[PDB]
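Source file upload14.cif; content: mmCIF, C-alpha atoms and all ligand atoms.
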```
data_protein
loop_
_atom_site.label_atom_id
_atom_site.label_comp_id
_atom_site.auth_asym_id
_atom_site.auth_seq_id
_atom_site.Cartn_x
_atom_site.Cartn_y
_atom_site.Cartn_z
CA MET A 1 10.86 10.57 -3.72
CA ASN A 2 7.68 10.64 -1.59
CA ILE A 3 4.75 8.25 -0.77
CA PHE A 4 2.99 9.08 -4.03
CA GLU A 5 6.00 8.37 -6.25
CA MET A 6 6.74 5.23 -4.17
CA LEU A 7 3.25 3.69 -4.53
CA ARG A 8 3.13 4.65 -8.23
CA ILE A 9 6.28 2.52 -8.70
CA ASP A 10 4.87 -0.34 -6.63
CA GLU A 11 1.34 -0.31 -8.06
CA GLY A 12 1.78 0.85 -11.66
CA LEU A 13 -1.05 2.60 -13.52
CA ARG A 14 -3.70 0.84 -15.60
CA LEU A 15 -6.75 2.67 -16.98
CA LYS A 16 -8.86 -0.39 -17.63
CA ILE A 17 -10.13 -2.85 -15.00
CA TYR A 18 -7.46 -5.51 -14.27
CA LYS A 19 -6.85 -8.22 -11.73
CA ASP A 20 -4.29 -7.51 -9.00
CA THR A 21 -1.68 -10.00 -7.71
CA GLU A 22 -4.40 -11.78 -5.72
CA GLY A 23 -6.78 -11.96 -8.71
CA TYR A 24 -9.09 -9.16 -7.48
CA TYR A 25 -10.63 -6.59 -9.82
CA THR A 26 -8.70 -3.37 -9.51
CA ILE A 27 -8.22 -0.12 -11.45
CA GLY A 28 -5.84 2.86 -11.71
CA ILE A 29 -3.01 2.90 -9.20
CA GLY A 30 -3.85 -0.22 -7.19
CA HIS A 31 -7.40 0.89 -6.39
CA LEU A 32 -9.18 -2.33 -5.36
CA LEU A 33 -12.77 -2.47 -6.64
CA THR A 34 -14.20 -5.71 -5.26
CA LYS A 35 -13.05 -9.14 -4.15
CA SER A 36 -16.01 -10.61 -6.00
CA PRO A 37 -15.33 -12.80 -9.11
CA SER A 38 -17.92 -10.80 -11.07
CA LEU A 39 -16.67 -8.29 -13.62
CA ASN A 40 -20.14 -6.71 -13.49
CA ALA A 41 -19.82 -6.26 -9.74
CA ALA A 42 -16.44 -4.55 -10.49
CA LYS A 43 -17.88 -2.31 -13.21
CA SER A 44 -20.65 -1.27 -10.82
CA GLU A 45 -18.17 -0.44 -7.97
CA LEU A 46 -16.12 1.52 -10.48
CA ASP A 47 -19.05 3.64 -11.72
CA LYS A 48 -19.92 4.36 -8.07
CA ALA A 49 -16.28 5.27 -7.26
CA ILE A 50 -15.99 7.68 -10.24
CA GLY A 51 -19.59 8.99 -10.27
CA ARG A 52 -20.32 8.18 -13.92
CA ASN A 53 -20.97 5.32 -16.29
CA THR A 54 -17.45 4.19 -17.10
CA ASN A 55 -17.77 0.76 -18.74
CA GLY A 56 -14.49 -0.33 -17.12
CA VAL A 57 -12.31 2.49 -18.42
CA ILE A 58 -11.16 5.67 -16.62
CA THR A 59 -8.94 8.62 -17.47
CA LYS A 60 -5.54 9.35 -15.93
CA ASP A 61 -6.98 12.28 -13.92
CA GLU A 62 -9.65 9.92 -12.54
CA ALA A 63 -7.01 7.33 -11.60
CA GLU A 64 -4.96 9.99 -9.79
CA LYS A 65 -8.05 11.20 -7.95
CA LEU A 66 -8.76 7.73 -6.53
CA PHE A 67 -5.06 7.42 -5.71
CA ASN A 68 -5.06 10.66 -3.73
CA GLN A 69 -8.13 9.45 -1.83
CA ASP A 70 -6.56 6.05 -1.15
CA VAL A 71 -3.28 7.46 0.14
CA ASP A 72 -5.27 9.85 2.36
CA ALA A 73 -7.38 6.90 3.61
CA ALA A 74 -4.25 4.83 4.33
CA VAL A 75 -2.82 7.74 6.46
CA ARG A 76 -6.22 8.11 8.23
CA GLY A 77 -6.34 4.34 8.94
CA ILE A 78 -2.90 4.47 10.58
CA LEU A 79 -3.78 7.50 12.76
CA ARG A 80 -7.08 5.93 13.87
CA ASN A 81 -5.53 2.56 14.74
CA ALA A 82 -4.25 2.04 18.28
CA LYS A 83 -1.46 -0.27 17.11
CA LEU A 84 -0.34 1.72 14.07
CA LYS A 85 -0.42 5.30 15.32
CA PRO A 86 2.35 5.01 17.98
CA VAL A 87 4.63 3.31 15.48
CA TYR A 88 4.01 5.93 12.77
CA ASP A 89 4.54 8.79 15.30
CA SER A 90 7.88 7.22 16.35
CA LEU A 91 9.20 6.98 12.75
CA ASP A 92 11.17 9.43 10.57
CA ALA A 93 9.55 10.68 7.34
CA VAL A 94 10.99 8.03 5.00
CA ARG A 95 10.04 5.06 7.19
CA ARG A 96 6.56 6.57 7.67
CA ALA A 97 6.14 6.24 3.89
CA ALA A 98 7.02 2.55 4.20
CA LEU A 99 4.26 2.06 6.75
CA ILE A 100 1.74 3.90 4.53
CA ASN A 101 2.78 1.64 1.62
CA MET A 102 2.00 -1.52 3.68
CA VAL A 103 -1.43 -0.18 4.79
CA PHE A 104 -2.28 0.86 1.23
CA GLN A 105 -1.47 -2.68 0.05
CA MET A 106 -2.90 -4.84 2.76
CA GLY A 107 -5.18 -2.60 4.85
CA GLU A 108 -5.08 -1.32 8.42
CA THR A 109 -6.11 -4.63 10.01
CA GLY A 110 -3.55 -6.64 8.00
CA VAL A 111 -0.65 -4.39 9.00
CA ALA A 112 -1.80 -4.15 12.66
CA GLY A 113 -1.31 -7.95 12.62
CA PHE A 114 2.48 -7.48 12.30
CA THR A 115 2.69 -7.09 16.10
CA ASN A 116 6.31 -8.15 16.54
CA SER A 117 7.61 -6.16 13.52
CA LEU A 118 5.79 -3.03 14.69
CA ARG A 119 7.31 -3.33 18.14
CA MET A 120 10.78 -3.71 16.60
CA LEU A 121 10.12 -0.72 14.37
CA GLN A 122 9.04 1.39 17.37
CA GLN A 123 12.29 0.33 19.16
CA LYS A 124 14.35 1.25 16.05
CA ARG A 125 15.78 -2.28 15.83
CA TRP A 126 15.88 -2.00 12.03
CA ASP A 127 17.77 -5.14 11.02
CA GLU A 128 15.59 -7.25 13.32
CA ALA A 129 12.31 -5.69 12.08
CA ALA A 130 13.42 -6.36 8.52
CA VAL A 131 14.04 -10.07 9.29
CA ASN A 132 10.62 -10.38 11.04
CA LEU A 133 8.77 -8.46 8.26
CA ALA A 134 10.07 -11.00 5.73
CA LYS A 135 8.55 -13.97 7.61
CA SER A 136 5.14 -13.26 6.16
CA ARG A 137 2.72 -14.34 3.48
CA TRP A 138 3.18 -10.75 2.24
CA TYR A 139 6.88 -11.26 1.53
CA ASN A 140 6.43 -14.72 0.01
CA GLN A 141 3.62 -13.64 -2.36
CA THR A 142 5.07 -10.29 -3.49
CA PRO A 143 8.81 -10.58 -2.74
CA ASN A 144 10.14 -7.77 -4.99
CA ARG A 145 7.75 -5.13 -3.66
CA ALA A 146 8.06 -6.39 -0.06
CA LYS A 147 11.90 -6.27 -0.32
CA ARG A 148 11.74 -2.62 -1.48
CA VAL A 149 9.45 -1.69 1.47
CA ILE A 150 11.54 -3.72 3.95
CA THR A 151 14.74 -2.03 2.68
CA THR A 152 13.12 1.35 3.26
CA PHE A 153 12.36 0.35 6.89
CA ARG A 154 15.87 -1.03 7.35
CA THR A 155 17.82 1.94 5.92
CA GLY A 156 15.52 4.92 6.25
CA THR A 157 16.54 5.93 2.71
CA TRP A 158 14.93 5.70 -0.75
CA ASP A 159 17.72 3.57 -2.22
CA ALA A 160 15.42 0.68 -3.17
CA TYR A 161 13.38 3.10 -5.30
CA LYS A 162 16.20 5.02 -7.03
CL CL B 1 -14.00 4.80 -3.75
CL CL B 2 6.41 -7.98 -5.88
#
```
Before anything else, please render the file you have as structure tokens.
Amino acid sequence: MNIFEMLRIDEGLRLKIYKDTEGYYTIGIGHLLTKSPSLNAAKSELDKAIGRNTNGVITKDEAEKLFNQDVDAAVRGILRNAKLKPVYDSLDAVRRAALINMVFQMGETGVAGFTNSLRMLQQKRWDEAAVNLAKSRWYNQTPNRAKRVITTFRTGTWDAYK
């Protein structure tokens, strides 16, 4: 298991424009297009993202290309963020993947808002971080995915994904 396999499990793959768990137009492997209610705004963001006239449909290679870019961007967002970088640097390789997963899902600013959890993660108080992580809109809205990520932080293993 690695971050790619992990997010592919959590996000799925769809080759036509769909709405994510929040109702936002999305494509591929959780690639958010726009938060706008307009399918035409989504189709336009998609053509721009892929560099061709797609009419709402992409190929698997195209979906994996956006995915690679998004994982890379999630890692870059962590390393650029004053609150996220020290936590990431403190973590082992498996728990780092858990942090990337959160940033991919909710963005750098959203995760940097988990001040208390991040501190507990940096201190390696795993059971406590896991309890605090769960007291979140994140956990209440997407409990199955959140539980898998939280388990990864708690155990430092891939057991929730195997
Ligand atoms: Cl893009
Ligand atoms: Cl879920």
Under the rule of at most 6 Å, produce a per-residue listing of chain A near ligand CL 2 (chain B): chain, number, name, the closest pair of atoms, and the distance in Å, as a Markdown table, using only C-alpha atoms and all ligand atoms.
```
| residue | atom | partner | partner_atom | distance |
| --- | --- | --- | --- | --- |
| A:142 | CA | B:CL2 | CL | 3.6 |
| A:143 | CA | B:CL2 | CL | 4.7 |
| A:144 | CA | B:CL2 | CL | 3.8 |
| A:145 | CA | B:CL2 | CL | 3.9 |
```
Kindly save the residues from that selection, with C-alpha atoms included, as a PDB file, in the frame of the given file.
```
ATOM      1  CA  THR A 142       5.070 -10.290  -3.490  1.00  0.00           C
ATOM      2  CA  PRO A 143       8.810 -10.580  -2.740  1.00  0.00           C
ATOM      3  CA  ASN A 144      10.140  -7.770  -4.990  1.00  0.00           C
ATOM      4  CA  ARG A 145       7.750  -5.130  -3.660  1.00  0.00           C
TER       5      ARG A 145
END
```
Pick out the residues sitting within 8 Å of region 147-150 of chain A, and hand them over as a PyMOL selection string; count all atoms listed in the file, and ignore anything fewer than 2 positions along from it in its own chain. chain A and resi 98+101-102+130+133-134+139+143-145+152-154+160-161
Counting only C-alpha atoms and all ligand atoms, give me one row per residue of chain A with an atom at most 10 Å from an atom of ligand CL 1 (chain B), showing the shortest contact pair and its distance in Å to one decimal, sorted by chain then residue number, as a Markdown table.
```
| residue | atom | partner | partner_atom | distance |
| --- | --- | --- | --- | --- |
| A:31 | CA | B:CL1 | CL | 8.1 |
| A:32 | CA | B:CL1 | CL | 8.8 |
| A:33 | CA | B:CL1 | CL | 7.9 |
| A:45 | CA | B:CL1 | CL | 7.9 |
| A:46 | CA | B:CL1 | CL | 7.8 |
| A:47 | CA | B:CL1 | CL | 9.5 |
| A:48 | CA | B:CL1 | CL | 7.3 |
| A:49 | CA | B:CL1 | CL | 4.2 |
| A:50 | CA | B:CL1 | CL | 7.4 |
| A:51 | CA | B:CL1 | CL | 9.6 |
| A:65 | CA | B:CL1 | CL | 9.7 |
| A:66 | CA | B:CL1 | CL | 6.6 |
| A:67 | CA | B:CL1 | CL | 9.5 |
| A:69 | CA | B:CL1 | CL | 7.7 |
| A:70 | CA | B:CL1 | CL | 8.0 |
```
What gap, in Å, lies between CA of residue 80 (chain A) and CA of residue 141 (chain A)? 27.6 Å
Could you check how far CA of residue 122 (chain A) sits from CA of residue 106 (chain A), in Å to one decimal? 19.9 Å
Can region 123-157 of chain A be brought up to N, CA and C atoms and written out as a PDB file, keeping the file's coordinate frame?
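Saved result, selection-v3.pdb, follows:
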```pdb
ATOM      1  N   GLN A 123      11.017   0.388  18.417  1.00  0.00           N
ATOM      2  CA  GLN A 123      12.290   0.330  19.160  1.00  0.00           C
ATOM      3  C   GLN A 123      13.488   0.710  18.322  1.00  0.00           C
ATOM      4  N   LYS A 124      13.284   0.919  17.018  1.00  0.00           N
ATOM      5  CA  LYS A 124      14.350   1.250  16.050  1.00  0.00           C
ATOM      6  C   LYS A 124      15.406   0.147  15.938  1.00  0.00           C
ATOM      7  N   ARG A 125      14.947  -1.096  16.085  1.00  0.00           N
ATOM      8  CA  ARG A 125      15.780  -2.280  15.830  1.00  0.00           C
ATOM      9  C   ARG A 125      15.567  -2.669  14.358  1.00  0.00           C
ATOM     10  N   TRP A 126      16.203  -1.928  13.462  1.00  0.00           N
ATOM     11  CA  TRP A 126      15.880  -2.000  12.030  1.00  0.00           C
ATOM     12  C   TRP A 126      16.200  -3.320  11.356  1.00  0.00           C
ATOM     13  N   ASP A 127      17.391  -3.864  11.627  1.00  0.00           N
ATOM     14  CA  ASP A 127      17.770  -5.140  11.020  1.00  0.00           C
ATOM     15  C   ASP A 127      16.837  -6.260  11.508  1.00  0.00           C
ATOM     16  N   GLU A 128      16.511  -6.257  12.798  1.00  0.00           N
ATOM     17  CA  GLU A 128      15.590  -7.250  13.320  1.00  0.00           C
ATOM     18  C   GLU A 128      14.155  -7.136  12.779  1.00  0.00           C
ATOM     19  N   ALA A 129      13.645  -5.899  12.644  1.00  0.00           N
ATOM     20  CA  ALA A 129      12.310  -5.690  12.080  1.00  0.00           C
ATOM     21  C   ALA A 129      12.256  -6.238  10.668  1.00  0.00           C
ATOM     22  N   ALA A 130      13.316  -5.977   9.912  1.00  0.00           N
ATOM     23  CA  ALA A 130      13.420  -6.360   8.520  1.00  0.00           C
ATOM     24  C   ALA A 130      13.373  -7.881   8.378  1.00  0.00           C
ATOM     25  N   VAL A 131      14.127  -8.590   9.219  1.00  0.00           N
ATOM     26  CA  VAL A 131      14.040 -10.070   9.290  1.00  0.00           C
ATOM     27  C   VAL A 131      12.604 -10.563   9.629  1.00  0.00           C
ATOM     28  N   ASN A 132      11.982  -9.982  10.648  1.00  0.00           N
ATOM     29  CA  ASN A 132      10.620 -10.380  11.040  1.00  0.00           C
ATOM     30  C   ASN A 132       9.580 -10.036   9.948  1.00  0.00           C
ATOM     31  N   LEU A 133       9.713  -8.857   9.332  1.00  0.00           N
ATOM     32  CA  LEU A 133       8.770  -8.460   8.260  1.00  0.00           C
ATOM     33  C   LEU A 133       8.728  -9.467   7.121  1.00  0.00           C
ATOM     34  N   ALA A 134       9.893 -10.052   6.834  1.00  0.00           N
ATOM     35  CA  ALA A 134      10.070 -11.000   5.730  1.00  0.00           C
ATOM     36  C   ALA A 134       9.449 -12.370   5.984  1.00  0.00           C
ATOM     37  N   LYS A 135       9.190 -12.694   7.242  1.00  0.00           N
ATOM     38  CA  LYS A 135       8.550 -13.970   7.610  1.00  0.00           C
ATOM     39  C   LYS A 135       7.060 -13.786   7.558  1.00  0.00           C
ATOM     40  N   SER A 136       6.526 -13.655   6.347  1.00  0.00           N
ATOM     41  CA  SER A 136       5.140 -13.260   6.160  1.00  0.00           C
ATOM     42  C   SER A 136       4.627 -13.764   4.843  1.00  0.00           C
ATOM     43  N   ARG A 137       3.330 -14.052   4.783  1.00  0.00           N
ATOM     44  CA  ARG A 137       2.720 -14.340   3.480  1.00  0.00           C
ATOM     45  C   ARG A 137       3.009 -13.187   2.511  1.00  0.00           C
ATOM     46  N   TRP A 138       2.907 -11.953   3.023  1.00  0.00           N
ATOM     47  CA  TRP A 138       3.180 -10.750   2.240  1.00  0.00           C
ATOM     48  C   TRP A 138       4.469 -10.845   1.446  1.00  0.00           C
ATOM     49  N   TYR A 139       5.562 -11.155   2.144  1.00  0.00           N
ATOM     50  CA  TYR A 139       6.880 -11.260   1.530  1.00  0.00           C
ATOM     51  C   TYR A 139       6.944 -12.431   0.542  1.00  0.00           C
ATOM     52  N   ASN A 140       6.357 -13.563   0.901  1.00  0.00           N
ATOM     53  CA  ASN A 140       6.430 -14.720   0.010  1.00  0.00           C
ATOM     54  C   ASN A 140       5.581 -14.561  -1.274  1.00  0.00           C
ATOM     55  N   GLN A 141       4.475 -13.823  -1.200  1.00  0.00           N
ATOM     56  CA  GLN A 141       3.620 -13.640  -2.360  1.00  0.00           C
ATOM     57  C   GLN A 141       4.079 -12.520  -3.265  1.00  0.00           C
ATOM     58  N   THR A 142       4.569 -11.415  -2.694  1.00  0.00           N
ATOM     59  CA  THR A 142       5.070 -10.290  -3.490  1.00  0.00           C
ATOM     60  C   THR A 142       6.468  -9.934  -3.022  1.00  0.00           C
ATOM     61  N   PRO A 143       7.460 -10.823  -3.277  1.00  0.00           N
ATOM     62  CA  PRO A 143       8.810 -10.580  -2.740  1.00  0.00           C
ATOM     63  C   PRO A 143       9.505  -9.317  -3.222  1.00  0.00           C
ATOM     64  N   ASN A 144       9.406  -8.957  -4.510  1.00  0.00           N
ATOM     65  CA  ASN A 144      10.140  -7.770  -4.990  1.00  0.00           C
ATOM     66  C   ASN A 144       9.639  -6.476  -4.344  1.00  0.00           C
ATOM     67  N   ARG A 145       8.326  -6.317  -4.286  1.00  0.00           N
ATOM     68  CA  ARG A 145       7.750  -5.130  -3.660  1.00  0.00           C
ATOM     69  C   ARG A 145       8.018  -5.121  -2.143  1.00  0.00           C
ATOM     70  N   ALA A 146       7.763  -6.251  -1.489  1.00  0.00           N
ATOM     71  CA  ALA A 146       8.060  -6.390  -0.060  1.00  0.00           C
ATOM     72  C   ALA A 146       9.527  -6.069   0.261  1.00  0.00           C
ATOM     73  N   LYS A 147      10.480  -6.602  -0.523  1.00  0.00           N
ATOM     74  CA  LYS A 147      11.900  -6.270  -0.320  1.00  0.00           C
ATOM     75  C   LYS A 147      12.172  -4.763  -0.382  1.00  0.00           C
ATOM     76  N   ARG A 148      11.539  -4.071  -1.333  1.00  0.00           N
ATOM     77  CA  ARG A 148      11.740  -2.620  -1.480  1.00  0.00           C
ATOM     78  C   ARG A 148      11.218  -1.892  -0.219  1.00  0.00           C
ATOM     79  N   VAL A 149      10.047  -2.297   0.263  1.00  0.00           N
ATOM     80  CA  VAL A 149       9.450  -1.690   1.470  1.00  0.00           C
ATOM     81  C   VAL A 149      10.306  -2.017   2.711  1.00  0.00           C
ATOM     82  N   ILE A 150      10.731  -3.276   2.811  1.00  0.00           N
ATOM     83  CA  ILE A 150      11.540  -3.720   3.950  1.00  0.00           C
ATOM     84  C   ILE A 150      12.878  -2.977   3.976  1.00  0.00           C
ATOM     85  N   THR A 151      13.509  -2.820   2.810  1.00  0.00           N
ATOM     86  CA  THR A 151      14.740  -2.030   2.680  1.00  0.00           C
ATOM     87  C   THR A 151      14.578  -0.607   3.142  1.00  0.00           C
ATOM     88  N   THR A 152      13.421  -0.021   2.868  1.00  0.00           N
ATOM     89  CA  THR A 152      13.120   1.350   3.260  1.00  0.00           C
ATOM     90  C   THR A 152      13.058   1.439   4.806  1.00  0.00           C
ATOM     91  N   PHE A 153      12.418   0.447   5.433  1.00  0.00           N
ATOM     92  CA  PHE A 153      12.360   0.350   6.890  1.00  0.00           C
ATOM     93  C   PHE A 153      13.742   0.131   7.480  1.00  0.00           C
ATOM     94  N   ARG A 154      14.547  -0.704   6.828  1.00  0.00           N
ATOM     95  CA  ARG A 154      15.870  -1.030   7.350  1.00  0.00           C
ATOM     96  C   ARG A 154      16.853   0.151   7.287  1.00  0.00           C
ATOM     97  N   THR A 155      16.814   0.908   6.194  1.00  0.00           N
ATOM     98  CA  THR A 155      17.820   1.940   5.920  1.00  0.00           C
ATOM     99  C   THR A 155      17.351   3.355   6.205  1.00  0.00           C
ATOM    100  N   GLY A 156      16.043   3.574   6.170  1.00  0.00           N
ATOM    101  CA  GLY A 156      15.520   4.920   6.250  1.00  0.00           C
ATOM    102  C   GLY A 156      15.901   5.780   5.058  1.00  0.00           C
ATOM    103  N   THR A 157      16.221   5.163   3.919  1.00  0.00           N
ATOM    104  CA  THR A 157      16.540   5.930   2.710  1.00  0.00           C
ATOM    105  C   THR A 157      15.649   5.420   1.588  1.00  0.00           C
TER     106      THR A 157
END
```
